[PDB]
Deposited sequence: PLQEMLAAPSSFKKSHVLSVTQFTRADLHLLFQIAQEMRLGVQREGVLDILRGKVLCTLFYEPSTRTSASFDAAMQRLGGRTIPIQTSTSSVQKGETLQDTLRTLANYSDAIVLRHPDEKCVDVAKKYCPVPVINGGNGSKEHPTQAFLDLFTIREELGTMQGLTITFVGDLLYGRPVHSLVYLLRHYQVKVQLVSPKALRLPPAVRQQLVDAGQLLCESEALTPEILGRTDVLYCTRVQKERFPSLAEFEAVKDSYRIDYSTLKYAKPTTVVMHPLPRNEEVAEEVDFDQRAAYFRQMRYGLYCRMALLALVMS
């Protein structure tokens, strides 16, 4: 049933996983199927059998424990072997990739240079998974985000999604807008005017018939119609004047006074790490899904690794 679904055909098999723009609605539907199966297999036996004999190497030039350990644990729970590497940007990336390709069957790469995906494509002779390229894309983060929504709420039809915070530099938002192109959702965008979406991402939303509201304020009416409250970090450097920055924090902080205006079923998401824009007092609330996000990311990356490495 799982050996079945992994028998199926996919763009993932033997492929680099560098951008969400490589994958179709069907690609992701199959992936999410396999991720449900992965969750069942693990719930019963802990470490499965899919990838005995396969070696994954993780190559992180900047540390991101959530992502690197997620891939480590996914590979090992597939029954594969992992080689975790920590380094910093003097040997070039293309030399390191070609070095490590001789040891492993695939590499997860996170690197401060967004052109790293291009280097990986030109030089690396094994599949590379893009674990973050200068903060431009992080495709499995987009995957696990979409999956989180599906899993927590059921069908995508009818949903209203509210992105809050820094939507200019918040690329996980942009990647997720792309993945939502296939769905009859409405979207609200709460941000200062200085940090609205890039005009082309906004244009992606109006083109799909999805842009509902744009607002600088996180209001009880916006909150009352939110099925999904996807928050982003808002860093002080994005503002010239500190006063502005704190005004915007206090406005956007998800705490109990903010959740009271929400729905009983509102899913609160966050790619993490967070500063104070989601209060700790909310972590135990059923609607707080940002730790369940990471267990969903476990099952999605098991599926992705199974598909890429057969």
Counting from 1 along the deposited sequence, the ranges with no C-alpha atoms are 90-94
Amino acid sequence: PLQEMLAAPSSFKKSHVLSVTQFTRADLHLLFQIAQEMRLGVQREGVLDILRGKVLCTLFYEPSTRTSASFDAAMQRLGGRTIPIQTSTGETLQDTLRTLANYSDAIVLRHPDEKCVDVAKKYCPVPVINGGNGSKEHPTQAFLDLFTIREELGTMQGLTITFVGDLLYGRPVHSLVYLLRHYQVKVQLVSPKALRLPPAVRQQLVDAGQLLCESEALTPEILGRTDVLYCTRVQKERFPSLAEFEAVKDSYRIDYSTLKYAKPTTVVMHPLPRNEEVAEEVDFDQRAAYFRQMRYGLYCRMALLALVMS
From here on, numbers count along this sequence of modelled residues.
Of 218-226 and 68-76, the stretch with the higher mean C-alpha B-factor in the deposited entry is 218-226
Comparing average C-alpha B factors as deposited, tell me which of 176-184 and 94-102 sits higher.
176-184
Out of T258, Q33, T58, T265, which residue has the highest Cα temperature factor in the PDB record?
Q33
Would you mind checking which of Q210, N133, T82, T232 has the top Cα temperature factor in the PDB entry?
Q210
Entry-reported C-alpha B-factor of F239 relative to its chain, by third, is highest
For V128, does the deposited CA B-factor place it in the lowest, middle or highest third of the chain?
lowest
Hey, what third does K14 fall into on Cα B-factor, ranked over its chain?
middle
Is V201 in the lowest, middle or highest third of its chain when residues are ranked by C-alpha B-factor?
highest
Grab the CA temperature factor for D283 from the record and place it in the lowest, middle or highest third of its chain.
lowest
